[PDB]
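Some notes on the structure that comes next.
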There are 2 protein chains.
Amino acid sequence: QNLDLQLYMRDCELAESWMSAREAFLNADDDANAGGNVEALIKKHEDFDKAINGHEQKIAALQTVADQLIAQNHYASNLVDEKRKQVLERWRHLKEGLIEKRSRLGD
Amino acid sequence: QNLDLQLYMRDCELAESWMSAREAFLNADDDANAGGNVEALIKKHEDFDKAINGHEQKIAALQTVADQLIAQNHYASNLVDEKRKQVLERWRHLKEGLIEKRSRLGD
């Protein structure tokens with residue numbers, strides 16, 4: 001629900017959608033494709049390399065954002081849990097007094 | 001983390017403050033021996049049990065909140081991770097096709 005997480009989800013959805021457009025392109029291509037001319041078999045080749053590259057880059061940036069959001073979540077959970085443990089341990093020492101003093105009332 | 005986290009830490013702090021006061025009274029009490037007769041010893045003992053139960057109760061409730069916070073963070077991380085997995089798989093499928101249509105146009 002955090003807006004940051006929301007931006008990331010949006011960004012992931014947008015990346016998927018661009019991928020989907022490319023899947024459709026590959027299909028149309030397969031219905032006709034390029035042409036056995038050297039200059040342009042090569043030009044098409046470079047075009048695929050460019051596509052693949054851009055895709056890979058976009059993927060790596062998203063992974064970077066995912067890593068950040070998860071690291072923030074982990075940090076929050078750790079703080080929460082650790083505070084809990086400190087609180088529980090302080091109770092363990094209170095409790096010890098209570099009970100003992102309760103003994104001392106006379107033994 | 002944010003708001004929820006802040007309130008919980010404050011709650012824990014307030015709880016710890018309450019336990020510091022108690023443990024303080026205990027210090028006074030630590031000595032605070034004035035003999036005692038049945039009815040009053042008995043009412044002192046009871047008074048202990050009651051504080052012991054109150055404390056235990058606060059703790060339990062703090063625990064519940066900690067668990068909820070942690071569950072919320074786990075959920076969000078899972079959403080994040082899962083989307084990431086998704087993008088990557090969608091990418092793997094597209095890459096497979098780009099490499100295929102490239103190669104014809106290559107060798």
Side-chain angles (χ1 to χ4, degrees), chain A residues 1-2 5 8-9 11-13 15-16 19-20 22-23 26-27 29-30 33-34 40-42 44-45 47-49 51-52 55-56 58-59 62-63 65-67 69-70 72-81 83-88 90-91 93-95 97-99 101-102 104-106, chain B residues 1-2 4-5 8-9 12-13 15-16 19-20 22-23 26-27 29-30 32-33 36 41-42 44-45 48-49 51-52 55-56 58-59 62-63 65-67 69-70 72-81 83-84 86-88 90-91 93-95 97-106:
Chain A
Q1 189 70 57
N2 247 278
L5 159 72
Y8 165 84
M9 284 302 161
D11 287 351
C12 291
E13 269 152 30
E16 285 177 306
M19 295 188 264
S20 289
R22 199 78 78 185
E23 297 261 15
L26 279 166
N27 187 63
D29 232 26
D30 98 354
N33 286 293
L41 270 179
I42 274 184
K44 162 137 127 152
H45 179 107
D47 282 354
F48 281 53
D49 279 7
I52 299 172
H55 286 308
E56 292 168 347
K58 147 104 275 196
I59 284 19
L62 284 164
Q63 189 138 192
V65 173
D67 289 342
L69 295 165
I70 292 174
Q72 289 150 204
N73 286 335
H74 283 192
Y75 183 87
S77 292
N78 282 336
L79 180 63
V80 166
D81 200 45
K83 181 57 179 192
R84 183 271 301 171
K85 298 166 183 180
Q86 289 188 346
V87 163
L88 283 177
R90 274 207 254 277
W91 165 227
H93 162 136
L94 186 49
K95 198 184 200 186
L98 310 182
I99 270 171
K101 266 296 323 306
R102 164 156 107 341
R104 313 180 75 242
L105 244 46
Chain B
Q1 224 187 308
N2 36 344
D4 294 333
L5 187 139
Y8 159 94
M9 303 278 290
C12 290
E13 274 164 28
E16 290 167 319
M19 294 190 272
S20 285
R22 170 112 318 153
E23 212 158 282
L26 250 202
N27 227 39
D29 204 24
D30 156 280
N33 150 25
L41 284 184
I42 285 187
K44 216 189 142 19
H45 172 113
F48 263 114
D49 286 359
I52 300 201
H55 279 155
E56 242 131 58
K58 195 128 130 155
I59 270 35
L62 282 168
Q63 192 130 197
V65 174
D67 295 337
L69 287 183
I70 291 170
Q72 127 203 337
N73 290 347
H74 286 179
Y75 174 71
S77 291
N78 230 263
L79 289 188
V80 173
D81 209 41
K83 206 28 186 196
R84 187 264 312 167
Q86 268 180 358
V87 175
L88 292 193
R90 198 184 283 282
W91 167 232
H93 174 282
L94 173 62
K95 203 215 207 198
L98 299 173
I99 293 248
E100 199 215 42
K101 274 166 39 55
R102 206 195 25 196
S103 88
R104 58 191 51 219
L105 184 117

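Heavy-atom basis, side chains included; hydrogens, waters and symmetry copies ignored. Naming convention: chains lettered A, B, ... in sequence-line order (proteins, then strands); numbering from 1 in each chain.
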So which heavy atom on A/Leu105 is nearest to which on B/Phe48, and how close?
-> CD1-CE1, 4.2 Å

Between A/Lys101 and B/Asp29, does at least one N-O distance fall below 4.0 Å, as a salt bridge requires?
-> yes

Does a side-chain N-to-carboxylate-O contact under 4.0 Å join A/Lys83 and B/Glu13?
-> no

Euclidean distance, B/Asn73 CG relative to A/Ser77 OG, rounded to 0.5 Å = 3.5 Å

Could you grab the distance from atom CD1 of B/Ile52 to atom CG of A/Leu98, nearest 0.5 Å is fine?
-> 4.5 Å

Is it the side chain or the backbone of [X] that comes within 4.5 Å of chain A heavy atoms, both, or neither?
| X | value |
| --- | --- |
| B/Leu88 | side chain |
| B/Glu100 | neither |
| B/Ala15 | neither |

As an exercise: rank [options] by heavy-atom pairs under 4.5 Å with chain B and give me the winner.
| options | result |
| --- | --- |
| A/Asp49, A/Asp47, A/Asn27 | A/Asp49 |
| A/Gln86, A/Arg22, A/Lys58, A/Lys44 | A/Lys44 |
| A/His45, A/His93, A/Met9 | A/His45 |

What part of [X] is in contact with chain B, defined as an atom under 4.5 angstrom from a non-hydrogen atom: side chain, backbone, both or neither?
| X | result |
| --- | --- |
| A/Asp67 | neither |
| A/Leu5 | side chain |
| A/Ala34 | side chain |
| A/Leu62 | side chain |

Can you check side-chain contact (heavy atoms from CB on, under 4.5 Å) on A/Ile70 and B/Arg84, steps first, answer last?
-> CA-CA 11 Å; A/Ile70 292 174; B/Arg84 187 264 312 167; over 6 Å; no

Below 4.5 Å, heavy atoms only, C-beta onward: do B/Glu56 and A/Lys95 meet side chain to side chain?
-> yes

Would you please name every residue forming a side-chain contact (heavy atoms from CB on, under 4.5 Å) with B/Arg90, sequence neighbours left out?
-> A/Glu16, A/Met19, A/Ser20

When only pairs under 4.5 Å are counted, which of B/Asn78, B/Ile59, B/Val65 shares the most heavy-atom pairs with chain A?
-> B/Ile59

Would you sort out whether A/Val87 and B/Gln63 count as a side-chain contact (heavy atoms from CB on, under 4.5 Å), showing the intermediate values?
-> CA-CA 10 Å; A/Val87 163; B/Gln63 192 130 197; over 6 Å; no

Mind telling me whether A/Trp91 and B/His55 have parallel, tilted or perpendicular rings, with 30° and 60° as the class edges?
-> perpendicular

Going through the checks in order, is the side-chain contact (heavy atoms from CB on, under 4.5 Å) test met by B/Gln72 and A/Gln1?
-> CA-CA 10 Å; B/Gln72 127 203 337; A/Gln1 189 70 57; over 6 Å; no

Please answer whether the main-chain N or O of B/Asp30 pairs with a side-chain N or O of A/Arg104 as donor and acceptor at a distance below 3.5 Å.
-> yes

